[PDB]
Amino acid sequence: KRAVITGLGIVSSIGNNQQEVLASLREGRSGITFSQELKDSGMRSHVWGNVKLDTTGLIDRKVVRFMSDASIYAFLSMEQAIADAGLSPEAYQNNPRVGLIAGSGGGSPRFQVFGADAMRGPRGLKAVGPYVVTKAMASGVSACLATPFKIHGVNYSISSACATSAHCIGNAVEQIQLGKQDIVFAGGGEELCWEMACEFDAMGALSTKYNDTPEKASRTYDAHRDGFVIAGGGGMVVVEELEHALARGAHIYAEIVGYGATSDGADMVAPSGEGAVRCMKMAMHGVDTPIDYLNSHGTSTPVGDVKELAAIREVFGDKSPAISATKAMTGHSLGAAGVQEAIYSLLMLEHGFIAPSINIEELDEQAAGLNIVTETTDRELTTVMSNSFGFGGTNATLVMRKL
């Protein structure tokens, strides 16, 4: 019935493992860079939240042949989570009570495009090859992890745009609550490519006025923010039943004391706020400790940023928690945002500190009053909240508490 986190893995724009991420977080270090690929593609946004690691040879050649970047990022993340959790092969493999729930927001547009492009060339089917389905299918992230890691329990992906990996973790918790699984690896991944990013630029969702200063492009809550900075990477956490964790001597980061999942039923592409209030409130049912720190979805967009702050004002009233949008540092990894930010929250809980909300040269007028921390501040935290929202009015929030 009770679910706790006993391990985490992460490959992000601000770090290739939790120690690197930790340092980046405390230093308010940016993971955004200039992208020549995005410029050459004809986009107006040339800033990236890229993973600085050459993944070549990092996975078994026979295994990696079926994977795309989103899967590769999640795979390396799950490798870290397994080790971190102190799980031995005999403990999680070929075990019906061990599952995997991980996904991405867009699967693999790069290979969807590669397949189409190849089909129309002089080689046709032979240029396409036999590995595009597993690379391009939406469930690639879960399929490519569950098979090599020898998982026998649940195996599927939850996809909900920019809230996918958050819903993935929440679903993992429910598996533990329903007593169906003892352990479920949850998280996700997202590739970084002009193929997909150009589609966000086309709808004006990406930042375009700070290409000369990449590290200043992502500026959540700043009066002059102008869209989010697309990013890629992966994240993975080990969701485990409490007794099972305690029995093996597992190191527990926190317990998942709240999980909200609601729907706006209003606008595609734009948030309503109303659904987020219900989502946060839902995650709070039963939680009687205060929310000490709130890791906002805050993507750095004009409408989104204040819409979520309005939701928070409504849920907490005159006693809102310390807030910070780590996306100002990391960028928006879309489908991987939820699990990565849950990890940043876990690291803050574990090391007792609040990561800064960077790049706010002029706090938005609507952000007046609120406690958005703009400096790395040491503090003993106990309960933390993390929000994730996506197109189609899909909301998710997770509340984690220290034991």
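Take the two forms, superpose them, and find the largest set of C-alpha atoms that agree within 1.5 Å; that set is the rigid core. The numbering used is simple: start at 1 and walk along the sequence shown.
A.B. asks: Rigid core fitted first, then name the stretch among 365-373 and 348-356 whose C-alphas deviate most from the displayed form in 8 other deposited structures of this protein.
C.D. replies: Between 365-373 and 348-356, the one lying farther away in 8 other deposited structures of this protein is 365-373.
A.B. asks: Identify the stretch, either 267-275 or 82-90, whose C-alpha atoms have the larger mean B-factor according to the entry.
C.D. replies: The deposited B-factors put 267-275 ahead on the C-alpha mean.
A.B. asks: Averaging CA B factors per stretch from the PDB record, which one is higher: 207-215 or 278-286?
C.D. replies: Looking at the record's C-alpha B-factors, the answer is 207-215.
A.B. asks: From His244, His152, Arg110, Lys319, which pick has the Cα B-factor that tops the rest in the entry?
C.D. replies: Top of the list by C-alpha B-factor: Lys319.
A.B. asks: So among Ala261, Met119, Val237, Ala163, who wins on Cα B-factor in the entry?
C.D. replies: Among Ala261, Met119, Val237, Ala163, the PDB entry lists the largest C-alpha B-factor for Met119.
A.B. asks: Check where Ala250 lands among this chain's C-alpha B-factors and tell me if it's the lowest, middle or highest third.
C.D. replies: Highest third.
A.B. asks: Comparing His46 with the other modelled residues of its chain, is its CA B-factor in the lowest, middle or highest third?
C.D. replies: According to the entry, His46 has a C-alpha B-factor in the chain's highest third.
A.B. asks: Pull the Cα B-factor of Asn359 out of the PDB entry and bin it into the chain's lowest, middle or highest third.
C.D. replies: Answer is middle: the recorded C-alpha B-factor places it there.
A.B. asks: In terms of the chain's CA B-factor thirds, is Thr374 lowest, middle or highest?
C.D. replies: According to the entry, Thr374 has a C-alpha B-factor in the chain's middle third.
A.B. asks: Tell me, lowest, middle or highest third: where does the Cα B factor of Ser68 rank within its chain?
C.D. replies: For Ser68, whose C-alpha B-factor we compare with every modelled residue in the chain, the answer is the middle third.
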